[PDB]
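Same protein, same chain, two forms; see structure 1 and structure 2 below, as structure tokens.
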Structure 1
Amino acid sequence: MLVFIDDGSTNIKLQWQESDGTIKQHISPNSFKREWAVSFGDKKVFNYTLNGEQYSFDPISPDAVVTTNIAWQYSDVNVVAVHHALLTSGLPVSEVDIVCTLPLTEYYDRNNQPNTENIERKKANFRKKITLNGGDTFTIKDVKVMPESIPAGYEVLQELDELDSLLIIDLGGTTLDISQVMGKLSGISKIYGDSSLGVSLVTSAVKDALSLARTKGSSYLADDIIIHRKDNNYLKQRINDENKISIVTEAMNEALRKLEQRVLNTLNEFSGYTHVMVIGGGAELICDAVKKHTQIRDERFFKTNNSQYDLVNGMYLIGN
């Protein structure tokens, strides 16, 4: 069994192909604590032992998900989170070969060449043996690693000429990933990552202009205000105050301009691309500005955003 794994900063997504031919997907949390979870036998608990330390699944509010850092990708918890996903996936316990991920700037070095040191370190991490109290665990055999953003653009790359060059612009909640890839994924010419640029720049500007609480509830409100920014009636309906509307609107417009400018300034470091692709949760917010700035023709511009499984699905298409 070959399992494709998107072990990102907020959760674990799996994709694999069953005996017949059906493609299955699964998502699991990244919430684990460094201690034994006790049960009086009333609720289900997962107690693990990895290198020496013990760990347990720590179920928390789907509203308090913690975003992890780069170092997390080489930790014990990373390994436990993957094994836990396999255990709750539905797959039968067994030996499995896997493909996991490393962030763009971790997979590649500043010379745009694959950083062998990091990749090998990622692979060695899954060699640690794991046990589960009260049951058995999967056994990870072969481990391959893929960079994060690029697989999401494979479907498009597949139809490009190897001499063609695709500029993949991936704007997320808190980060920006840009990479120039040769047609059919026949090579990489340049990679660029910014960890302080994302949709949050606009979201925080909105939360601040409304004095919204820190609750995730205000996050949804802010998300909605951004989504429906051009529909003044939607807003009047939401924010009850013509004055608040004007205030939130210009704070939002100001934040978006700064967003567009910062993204374009980074794009100014790339050159030689023939096709452009914009993806990520913030794709809608910069779509127009990049199209105008790159002056690329419509048949050479792509917006393949579909779902949260885009990445792992792309990984699947590449190495199924």
Structure 2
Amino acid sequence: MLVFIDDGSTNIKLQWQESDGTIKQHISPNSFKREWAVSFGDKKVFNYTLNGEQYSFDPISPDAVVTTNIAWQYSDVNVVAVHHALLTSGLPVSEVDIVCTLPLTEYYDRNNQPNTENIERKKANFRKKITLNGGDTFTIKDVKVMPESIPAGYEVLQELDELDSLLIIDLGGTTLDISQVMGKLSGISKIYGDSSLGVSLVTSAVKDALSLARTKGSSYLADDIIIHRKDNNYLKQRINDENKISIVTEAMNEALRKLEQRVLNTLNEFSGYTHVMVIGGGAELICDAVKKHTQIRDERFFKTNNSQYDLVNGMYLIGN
């Protein structure tokens, strides 16, 4: 079995196809604490041991450590999150081959050439042995590494003439990376990674406007508000009450406005692209501004409505 994994610092996305020809997409959060969970009842808990350290999946983990999540890519927790993702995917415990991802500025050096040291370091990380109390864990065999962004725009790129170039904008949970690639992957024109902004900006704004606990527990509430930000009817029924709908809609627009300014400002660093694609979980939050501020016809502007999965799907369509 081969599993494609876009192990982001917010959510791990998985995609694979089963014998009955069904293609499955799974998503599992990166929310673990460095200690085992205690269950005196039947509630299932996942306690792991990796590199001698203890870890457990935590549904209410503090949104703390809003610092360097780049190092997370080579961390123990990353290994745990991926294994946990495999365990809750539905697939049967077994040996598996995987293809994981490395952010653009980690996969490539400043010369836009493969950073072999980082790629190997990523493969080595998944060799760290893991254990699960009261259960079996999958066995990761072969590890392949693909860079982010490019796999998502691969389909479109096969269609582009060598002279054309696709601009890929990826808004993630805590990062906003933009790259430009010549048609048929004739070369990488430019890469601009930014780990100072992400969707969490709006999520954090929402958690503030409603004064919600700064943990994973309230992440779903925040996301539902952002996702349905344009449907008052939904908000009316969702927001506790007191109709803070005014303040939250006010907080969201602030953050969204900031995401747009950043993207537009960075966009000014690129030129000559003939096609544009917006991917990542935050795609819907900036697609309008991007399309408005680019000179590209509808025919050449790409965006799906399953944006958080665009990358892992692209990886799949290539390596499966």
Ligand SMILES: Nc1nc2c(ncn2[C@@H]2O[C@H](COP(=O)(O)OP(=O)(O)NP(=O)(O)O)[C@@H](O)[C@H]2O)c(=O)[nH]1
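Throughout, residue numbering runs from 1 along the sequence of structure 1.
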### Query
Is the form deposited with this ligand bound structure 1 or structure 2?
2
#### Entry: Co-assignment to one rigid part between the two structures, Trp36 and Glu120
yes
### Query
Considering the two rigid parts of the chain, by what angle in degrees does the smaller one turn between the two structures?
23
